[PDB]
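Peer 1: Quick one: the structure is below, and I'll ask about it shortly.
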2 protein chains.
Amino acid sequence: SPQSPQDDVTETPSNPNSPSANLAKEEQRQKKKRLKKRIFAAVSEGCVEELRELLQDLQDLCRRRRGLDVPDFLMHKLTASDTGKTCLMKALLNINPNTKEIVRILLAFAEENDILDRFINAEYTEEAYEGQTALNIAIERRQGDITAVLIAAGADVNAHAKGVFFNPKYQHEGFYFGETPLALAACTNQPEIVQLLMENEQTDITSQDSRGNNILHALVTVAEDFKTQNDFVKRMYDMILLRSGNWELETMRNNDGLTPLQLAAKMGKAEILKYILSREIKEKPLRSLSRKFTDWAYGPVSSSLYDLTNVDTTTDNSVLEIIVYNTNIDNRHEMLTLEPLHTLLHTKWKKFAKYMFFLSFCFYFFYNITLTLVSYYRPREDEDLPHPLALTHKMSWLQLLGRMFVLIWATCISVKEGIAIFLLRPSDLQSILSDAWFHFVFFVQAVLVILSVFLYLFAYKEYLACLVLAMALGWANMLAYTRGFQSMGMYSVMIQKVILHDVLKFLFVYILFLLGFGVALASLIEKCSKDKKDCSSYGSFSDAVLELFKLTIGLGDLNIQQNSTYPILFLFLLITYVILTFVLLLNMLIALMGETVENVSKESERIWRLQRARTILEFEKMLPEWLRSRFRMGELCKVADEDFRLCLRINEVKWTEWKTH
Amino acid sequence: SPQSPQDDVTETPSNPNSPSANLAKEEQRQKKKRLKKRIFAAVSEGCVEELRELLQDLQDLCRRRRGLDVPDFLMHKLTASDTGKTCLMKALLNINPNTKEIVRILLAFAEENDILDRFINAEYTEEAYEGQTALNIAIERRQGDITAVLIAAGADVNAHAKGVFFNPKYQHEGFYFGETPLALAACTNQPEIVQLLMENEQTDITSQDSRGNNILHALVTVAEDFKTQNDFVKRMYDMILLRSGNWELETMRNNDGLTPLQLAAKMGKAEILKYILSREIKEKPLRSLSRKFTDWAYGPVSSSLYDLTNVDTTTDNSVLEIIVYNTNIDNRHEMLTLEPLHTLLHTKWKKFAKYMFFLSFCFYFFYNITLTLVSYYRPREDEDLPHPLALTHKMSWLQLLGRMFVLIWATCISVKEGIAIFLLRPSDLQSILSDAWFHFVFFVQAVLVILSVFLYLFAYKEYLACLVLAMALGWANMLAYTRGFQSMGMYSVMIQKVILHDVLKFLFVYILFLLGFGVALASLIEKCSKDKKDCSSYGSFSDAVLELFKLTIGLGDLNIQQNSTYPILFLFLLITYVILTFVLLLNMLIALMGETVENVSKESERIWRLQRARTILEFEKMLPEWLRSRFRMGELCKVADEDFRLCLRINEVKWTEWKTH
Ligand code: NA
């Protein structure tokens with residue numbers, strides 16, 4: 001939210017006398033700052049004939065010069081003031097109708113010397129914009145005609161302006177076009193400059209950022225979450241790719257090891273990825289970049305073959321891997337209903353996950369029941385404080401059928417949920433607590449069990465209490481297998497979301513009343529009996545809390561004024577309390593409840609698909625070495641070589657309906 | 001809501017015979033009212049040749065005249081009837097296609113005499129429209145061609161029509177264009193007349209209203225809260241300022257001492273102030289009026305310097321001062337997200353108020369806790385009625401650590417909240433009770449404390465009861481520091497707003513039932529036992545109230561009919577009561593509750609920023625003499641003189657996205 005340019009912003013009208021104080025060299029009232037600054041303003045205005053004479057004395061001052069120091073001196077004369085900026089910078093920061101005319105005069109000046117190629121390729125010694133040259137500024141101010149002269153000048157079109165200006169944050173303090181002169185035109189919608197630059201033979205394309213980024217990674221960090229009114233970002237994108245002609249250009253990773261597809265999922269520019277994945281451009285020496293092999297399309301049916309390169313979980317960092325396990329995406333449901341991403345998901349549950357979810361459900365269902373009968377019919381209240389495993393096969397066989405099953409599946413889930421403590425969970429009180437909250441409550445469940453068995457060997461009079469809280473928490477985790485059905489998968493989010501949303505807010509307020517009114521209630525008893533008459537009354541501070549909270553829920557009684565010492569202010573405080581909490585605040589929280597619920601009841605399918613998509617990779621994570629049948633359509637060529645890329649299969653869409661007569 | 005023109009509205013067709021009865025001077029059946037009224041209708045219709053002969057006899061009647069009384073007589077003949085209106089008024093109140101032709105004839109008439117300059121600059125002796133002349137009426141009826149003749153006539157274009165017609169109220173009984181002929185054209189969208197009037201050399205601009213208002217203050221009282229369909233109000237505004245050329249013209253205050261910026265915040269015309277504050281018109285002899293110094297703009301980044309004249313709290317009546325402490329503004333959140341107003345706010349909390357809010361929170365947090373332990377563990381129930389400060393350092397040291405802290409911070413807040421009794425609070429049951437309600441409840445808190453300590457020296461058997469109500473009220477004010485967080489700042493408004501909104505309405509109704517049904521309940525007992533058998537029953541009127549209110553909340557029992565003397569009408573009244581209040585009215589109030597809550601839950605951020613903005617100036621009010629580090633970017637010049645105006649710093653906006661190819 002702050003900007004913080006942190007220094008020397010650039011091009012200020014307010015100009016001190018700091019650099020010219022070091023170079024005195026004065027002959028007439030100031031020899032050089034009256035020469036240097038007058039160059040600037042004549043550039044800054046555009047007055048030509050004034051500038052013609054100022055360049056004449058620049059030759060005249062550099063006429064008197066020692067051995068071969070005349071080119072280097074004028075650089076120290078004209079540039080390297082505080083930052084390294086030039087007159088060509090000042091020629092190109094502003095704009096005026098004299099600009100093209102003064103530049104070609106200014107171009108002809110240092111052509112008389114031998115440093116103009118060095119002079120055109122100056123860059124900032126300034127730390128902030130380190131590497132910024134005069135080319136990009138013309139590209140910034142949209143002067144291809146100047147740039148045509150600048151291309152005719154012979155300047156490096158492959159510079160790297162790796163200064164501070166591109167940010168360590170995301171979308172602030174200066175943008176990330178990616179330090180290259182080529183991507184600047186493409187990012188800023190000048191396709192003619194894109195063509196003309198790429199037509200030049202100096203033009204590398206495949207060079208990389210400091211981040212290791214090509215030109216396409218810049219295009220990832222541009223577009224929106226939606227269709228704008230005819231953006232250029234998509235039509236630039238293929239326009240490079242039409243000129244690219246080689247499949248390798250998207251095989252490039254970055255410093256983070258990101259395919260441009262892979263980054264496009266990571267940033268979440270969802271609509272671009274739809275255009276990325278489709279690529280149905282038909283041209284016989286150009287199908288190598290194509291990704292949509294339609295052959296059998298007969299009206300509303302449509303045959304499909306997709307590219308499927310980094311999409312399945314057969315490598316690290318799949319595009320289905322990254323879309324699910326990411327935080328901070330708004331429209332995460334978008335990209336999911338995209339056809340090869342949707343179908344490969346939907347087949348996989350049909351082929352792999354329907355069987356595994358039903359199995360992992362059924363074991364955990366017996367697990368509470370096995371916990372139940374060892375907790376309700378148990379004769380641990382039948383005076384068996386030492387050594388409960390006696391002879392006669394320990395009083396029954398079915399005690400062993402219960403006790404053995406629990407001990408295995410406690411540590412089975414425990415090592416299973418020990419894997420939840422792995423590299424995940426970046427944040428604390430965000431979506432990871434709205435997603436991995438089950439893994440906390442799964443894990444602490446079985447730890448209570450083993451501790452209770454550890455308390456069964458060491459009978460320490462709290463063995464049974466640990467079991468009880470282990471058991472009711474077990475049925476709470478039993479609710480976590482309510483994310484598959486539509487009619488239940490919407491349901492467990494709402495107690496996960498809104499209760500953490502509202503009820504945490506409310507009990508940072510309601511306690512503050514209850515801490516206040518309670519001492520007010522508890523002070524007005526004057527101790528009066530010491531529990532011989534005020535037994536039907538209040539008492540210590542804890543004893544009124546569980547009555548006011550009882551009054552909060554709508555329970556309790558009121559005609560208890562027998563020891564109050566002033567039995568109206570006792571009542572006036574009480575009636576004010578009841579009219580505060582139950583009339584208003586309890587009803588206040590339900591009004592905030594039902595509005596948030598109504599938001600979630602609208603967003604039903606978006607959370608329902610995603611939880612299915614969440615667990616299916618987790619089950620696919622639990623699959624060693626035996627995966628040949630659990631694959632998808634290998635070994636496919638296009639026509640010519642061996643198998644270029646394995647694909648997937650056909651689709652249908654019933655919108656042959658249109659109007660063309 | 002009434003209009004009330006209060007007199008003599010003007011230009012009626014219904015005409016009595018009141019002024020002509022004083023001037024008889026009759027020679028033929030009426031000499032002059034048959035002359036005077038026939039002038040009017042011939043003007044009122046536009047018949048030319050009829051009017052030509054009527055002007056001829058006007059010369060003929062004024063032919064016979066004594067010594068040099070002929071010009072003054074015709075004024076008393078043609079004007080000064082009841083109000084002072086002229087024929088030129090009647091020439092310009094209506095309109096007809098003969099109008100320009102009859103006026104130039106009528107202009108040529110009194111040109112034969114020597115009073116036509118006085119005659120063109122007549123004004124109303126009428127008290128209502130005192131000072132209204134014939135120029136504005138042409139400006140009203142949009143006749144610049146007539147006005148071109150009127151400018152050629154030589155009339156004062158700088159008149160002051162300071163009659164009743166501009167109101168003592170705000171937007172009623174006649175408008176406030178500001179009594180000047182110049183502002184009338186600008187307010188009524190005739191820019192050609194604006195140019196032509198300002199082209200004239202008689203034209204003052206910098207003259208002031210009776211209110212001390214220039215032309216721009218008139219423009220303040222015009223526009224809307226929103227973008228209309230291409231209003232002229234903004235494009236008139238700079239059009240004066242383009243012709244103005246001097247910075248002084250907005251330095252003018254009024255009778256109230258209001259800069260035109262300062263008034264524009266006061267009236268709340270929010271969109272205008274955005275245009276006021278920006279002023280990015282680039283022209284080299286015109287940047288002196290400009291306020292947006294963009295120099296370093298590189299795509300989606302943008303360098304900014306703002307004017308910052310009457311904006312910070314370094315003088316009286318800042319524009320940030322007035323936007324916060326004002327009532328009666330609808331879109332008060334607008335103007336706040338405006339960039340130099342937003343940023344100077346947001347930096348100031350980051351620089352000054354985050355530390356002060358956390359400090360003022362933490363002292364008040366200990367204050368209730370120190371109040372708590374001196375209230376719960378206190379042995380004032382241990383029979384210490386006289387002189388509770390005994391020897392042995394008063395029974396413990398930690399009693400002195402409690403008792404000293406409370407006495408200081410009671411009178412610390414008391415003198416602090418005595419400043420809340422200052423010049424503020426215009427109204428009683430309006431937004432000031434929705435804003436300064438904490439200052440009431442803050443202040444009465446500590447007064448209860450000192451009174452309780454005053455009751456500790458003078459043990460009057462109510463010392464402890466005052467402490468208790470002092471304490472629970474203290475935790476109620478503890479809720480007032482819930483305006484900083486987003487998740488809590490929305491929350492305390494809702495109990496402040498809706499409870500005063502609905503529950504005050506409901507208990508002007510529910511008592512009326514409860515006052516009714518209770519006497520109905522209490523009359524049917526026939527006294528029956530005098531508290532030996534009806535102890536399990538009702539009794540006096542107060543004894544049934546706390547049971548019906550108990551039934552209102554959903555508590556109590558019903559099979560109590562033992563002393564009723566007719567135990568069905570007792571029951572029929574009771575069942576009718578319960579089906580009235582709990583089935584309906586208690587549920588009625590919650591339906592009104594949740595709708596109002598849902599309105600407020602939408603408006604979350606608007607109240608959240610504002611309370612932060614409220615207290616930060618209050619903390620900035622608490623800052624003497626040591627403010628040099630707590631400033632903002634002083635001593636800035638434009639280029640030429642010394643420091644014209646200190647500014648603020650740069651911004652960013654990511655909407656380089658558009659379509660221009
Ligand atoms: Na409702």
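If you're wondering about the labels, chains in the structure tokens are A, B, ... by order shown, residues count from 1 in each chain, ligands from 1 in order shown.
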Compute the set of protein, DNA and RNA residues whose minimum atom distance to ligand 1 is at most 7 Å, using only C-alpha atoms and all ligand atoms, and state it as a PDB file with N, CA, C and O atoms, in the first residue's frame.
Peer 2:
ATOM      1  N   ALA A 591     -28.115 -12.673  13.234  1.00  0.00           N
ATOM      2  CA  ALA A 591     -28.257 -11.867  12.034  1.00  0.00           C
ATOM      3  C   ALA A 591     -26.963 -11.846  11.233  1.00  0.00           C
ATOM      4  O   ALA A 591     -26.993 -11.908  10.001  1.00  0.00           O
ATOM      5  N   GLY A 594     -26.794 -15.644   9.610  1.00  0.00           N
ATOM      6  CA  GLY A 594     -27.603 -15.994   8.462  1.00  0.00           C
ATOM      7  C   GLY A 594     -27.232 -15.269   7.192  1.00  0.00           C
ATOM      8  O   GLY A 594     -27.499 -15.781   6.103  1.00  0.00           O
TER       9      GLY A 594
ATOM     10  N   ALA B 591     -36.969  -9.307  13.673  1.00  0.00           N
ATOM     11  CA  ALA B 591     -37.064  -9.103  12.239  1.00  0.00           C
ATOM     12  C   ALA B 591     -36.642  -7.693  11.858  1.00  0.00           C
ATOM     13  O   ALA B 591     -35.966  -7.496  10.844  1.00  0.00           O
ATOM     14  N   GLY B 594     -32.539  -7.763  12.370  1.00  0.00           N
ATOM     15  CA  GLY B 594     -31.683  -8.382  11.382  1.00  0.00           C
ATOM     16  C   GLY B 594     -31.657  -7.677  10.048  1.00  0.00           C
ATOM     17  O   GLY B 594     -30.674  -7.803   9.315  1.00  0.00           O
TER      18      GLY B 594
END
Peer 1: Counting only C-alpha atoms, give me one row per residue of chain A with an atom at most 7 Å from an atom of chain B, showing the shortest contact pair and its distance in Å to one decimal, sorted by chain then residue number, as a tab-separated table.
Peer 2:
residue	atom	partner	partner_atom	distance
A:3	CA	B:651	CA	6.0
A:9	CA	B:296	CA	6.5
A:10	CA	B:296	CA	5.9
A:11	CA	B:295	CA	6.4
A:12	CA	B:295	CA	6.4
A:13	CA	B:639	CA	6.3
A:14	CA	B:639	CA	5.7
A:174	CA	B:301	CA	6.0
A:189	CA	B:661	CA	5.9
A:190	CA	B:661	CA	6.7
A:231	CA	B:659	CA	6.9
A:505	CA	B:487	CA	6.7
A:512	CA	B:475	CA	6.6
A:513	CA	B:475	CA	6.8
A:516	CA	B:472	CA	4.8
A:517	CA	B:472	CA	5.5
A:520	CA	B:468	CA	5.2
A:523	CA	B:376	CA	6.7
A:526	CA	B:381	CA	6.0
A:554	CA	B:554	CA	7.0
A:587	CA	B:590	CA	6.9
A:591	CA	B:594	CA	4.9
Peer 1: Can you spit out the residues from that selection as a PDB file, in the first residue's frame, using C-alpha atoms?
Peer 2:
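Generated file (result-v5.pdb):
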ATOM      1  CA  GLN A   3       4.945   3.244  -2.728  1.00  0.00           C
ATOM      2  CA  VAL A   9      12.875   9.775  -8.121  1.00  0.00           C
ATOM      3  CA  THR A  10      14.206  10.963 -11.446  1.00  0.00           C
ATOM      4  CA  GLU A  11      13.861  14.193 -13.562  1.00  0.00           C
ATOM      5  CA  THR A  12      13.047  16.855 -11.118  1.00  0.00           C
ATOM      6  CA  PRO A  13      12.669  20.549 -11.958  1.00  0.00           C
ATOM      7  CA  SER A  14      14.042  21.423  -8.499  1.00  0.00           C
ATOM      8  CA  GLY A 174       7.316  -0.184  -9.775  1.00  0.00           C
ATOM      9  CA  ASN A 189       0.810  -2.698 -26.873  1.00  0.00           C
ATOM     10  CA  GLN A 190       3.094  -1.583 -29.698  1.00  0.00           C
ATOM     11  CA  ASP A 231      -7.059  -6.708 -24.402  1.00  0.00           C
ATOM     12  CA  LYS A 505     -15.400 -12.074  16.875  1.00  0.00           C
ATOM     13  CA  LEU A 512     -16.016  -8.268  28.162  1.00  0.00           C
ATOM     14  CA  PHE A 513     -19.603  -7.808  29.240  1.00  0.00           C
ATOM     15  CA  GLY A 516     -17.909  -6.810  33.752  1.00  0.00           C
ATOM     16  CA  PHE A 517     -21.410  -7.657  34.887  1.00  0.00           C
ATOM     17  CA  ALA A 520     -20.916  -6.354  39.580  1.00  0.00           C
ATOM     18  CA  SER A 523     -19.997  -8.047  44.884  1.00  0.00           C
ATOM     19  CA  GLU A 526     -22.082  -9.321  51.701  1.00  0.00           C
ATOM     20  CA  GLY A 554     -32.578 -18.536  27.866  1.00  0.00           C
ATOM     21  CA  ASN A 587     -29.902 -12.030  18.257  1.00  0.00           C
ATOM     22  CA  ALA A 591     -28.257 -11.867  12.034  1.00  0.00           C
TER      23      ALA A 591
END
Peer 1: Which polymer residues have any atom within 10 Å of an atom of region 439-445 of chain A, counting only C-alpha atoms, with same-chain residues fewer than 2 positions away left out, as an MDAnalysis selection string?
Peer 2: chainID A and resid 410:411 413:421 433 435:437 447:450 469:478 480
Peer 1: Name all residues at most 10 Å from residue 310 (chain B) (count only C-alpha atoms; drop same-chain ones fewer than 6 positions away) and give them as a list in words.
Peer 2: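 Once the nearby chain positions are removed, what remains is residues 259, 261, 262, 316, 317, 318, 319, 320 and 321 of chain B.
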Peer 1: Can I get the selection written as an mmCIF file, in the first residue's frame, with C-alpha atoms?
Peer 2:
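Printed below is part_27.cif as written:
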data_model
loop_
_atom_site.group_PDB
_atom_site.id
_atom_site.type_symbol
_atom_site.label_atom_id
_atom_site.label_comp_id
_atom_site.auth_asym_id
_atom_site.auth_seq_id
_atom_site.Cartn_x
_atom_site.Cartn_y
_atom_site.Cartn_z
ATOM 1 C CA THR B 259 -11.305 29.454 1.635
ATOM 2 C CA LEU B 261 -11.514 24.908 -0.813
ATOM 3 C CA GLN B 262 -12.554 25.136 2.837
ATOM 4 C CA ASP B 316 -7.201 26.261 12.280
ATOM 5 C CA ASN B 317 -9.974 24.734 10.201
ATOM 6 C CA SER B 318 -8.049 22.245 8.090
ATOM 7 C CA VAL B 319 -9.752 20.344 5.317
ATOM 8 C CA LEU B 320 -8.945 17.129 7.143
ATOM 9 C CA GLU B 321 -10.206 18.804 10.293
#
Peer 1: Please determine, counting only C-alpha atoms, which residue among A:357, A:481, A:40, A:541 has the shortest atom-to-atom distance to residue 617 (chain A).
Peer 2: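 Ranking A:357, A:481, A:40, A:541 by distance to residue 617 (chain A), first place goes to A:357.
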Peer 1: Set the distance at 12 Å and use only C-alpha atoms: which residues neighbour residue 110 (chain A) once local chain neighbours fewer than 5 positions away are removed? I'd like the list as a PyMOL selection string.
Peer 2: chain A and resi 55+58-59+62+70-72+74-75+78+87-88+103-105+115-120+153
Peer 1: Going by DSSP on the backbone, which bits of region 70-121 of chain B are alpha helix (DSSP H)? Write them as a PyMOL selection string, please.
Peer 2: chain B and resi 70-78+87-93+99-110+116-120
Peer 1: Rounded to one decimal place, report the CA of residue 573 (chain A)-CA of residue 506 (chain B) distance in Å.
Peer 2: 20.2 Å
Peer 1: When you look at residue 130 (chain B) with a cut-off of 6 Å (counting only C-alpha atoms), what residues show up, excluding the ones that are within fewer than 4 positions of it in the same chain? I need them as a list in words.
Peer 2: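 Residues near the query, excluding close chain neighbours: residues 124, 125, 126, 161, 162 and 163 of chain B.
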Peer 1: Filtering to N, CA, C and O atoms, could you give me those residues as a tab-separated table (two decimals), in the first residue's frame?
Peer 2:
chain	number	residue	atom	x	y	z
B	124	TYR	N	-34.85	47.74	-7.20
B	124	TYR	CA	-36.07	47.70	-6.41
B	124	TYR	C	-35.90	48.39	-5.06
B	124	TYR	O	-35.05	48.02	-4.26
B	125	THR	N	-36.76	49.37	-4.82
B	125	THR	CA	-37.02	49.82	-3.47
B	125	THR	C	-37.84	48.81	-2.70
B	125	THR	O	-37.94	48.93	-1.47
B	126	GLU	N	-38.48	47.88	-3.40
B	126	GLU	CA	-39.12	46.72	-2.80
B	126	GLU	C	-38.13	45.97	-1.93
B	126	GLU	O	-36.99	45.72	-2.32
B	161	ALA	N	-27.78	42.63	-5.67
B	161	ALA	CA	-29.21	42.46	-5.42
B	161	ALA	C	-29.38	41.67	-4.12
B	161	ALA	O	-29.72	40.49	-4.11
B	162	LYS	N	-29.17	42.37	-3.01
B	162	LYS	CA	-29.10	41.75	-1.70
B	162	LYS	C	-30.45	41.67	-1.00
B	162	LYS	O	-30.52	41.69	0.24
B	163	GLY	N	-31.54	41.53	-1.75
B	163	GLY	CA	-32.85	41.41	-1.16
B	163	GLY	C	-33.12	40.12	-0.40
B	163	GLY	O	-32.21	39.36	-0.08
Peer 1: Within 12 Å of residue 348 (chain B), counting only C-alpha atoms, which residues qualify if same-chain residues fewer than 5 places away don't, as a list in words?
Peer 2: residues 312, 313, 341, 342, 343, 353, 354, 355, 356, 612, 613, 615, 616, 617, 619, 620, 629, 630, 631 and 632 of chain B
Peer 1: Go ahead and write the residues just picked, C-alpha atoms, as a compact mmCIF listing (two decimals), in the first residue's frame.
Peer 2:
# COMPACT_ATOMS: atom_id res chain seq x y z
CA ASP B 312 -2.83 19.35 7.51
CA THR B 313 -3.64 20.35 11.04
CA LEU B 341 -6.14 13.14 1.75
CA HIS B 342 -5.89 9.36 2.13
CA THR B 343 -2.11 9.11 2.18
CA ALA B 353 -1.25 7.05 16.17
CA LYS B 354 -0.39 3.35 16.27
CA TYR B 355 1.81 4.09 19.26
CA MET B 356 -0.69 6.31 21.02
CA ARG B 612 -9.63 5.71 12.95
CA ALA B 613 -9.75 9.14 11.35
CA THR B 615 -9.38 9.51 17.05
CA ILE B 616 -6.17 10.35 15.23
CA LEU B 617 -6.96 14.05 15.24
CA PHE B 619 -4.56 12.31 19.56
CA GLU B 620 -3.08 15.00 17.35
CA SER B 629 9.61 15.27 13.55
CA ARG B 630 5.86 14.81 13.28
CA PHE B 631 5.50 16.85 10.10
CA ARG B 632 5.34 16.15 6.35
Peer 1: Just checking: using only C-alpha atoms, which residue out of B:149, B:644, B:557, B:73 ends up closest to residue 61 (chain B)?
Peer 2: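 Under the stated criterion, the closest residue is B:73.
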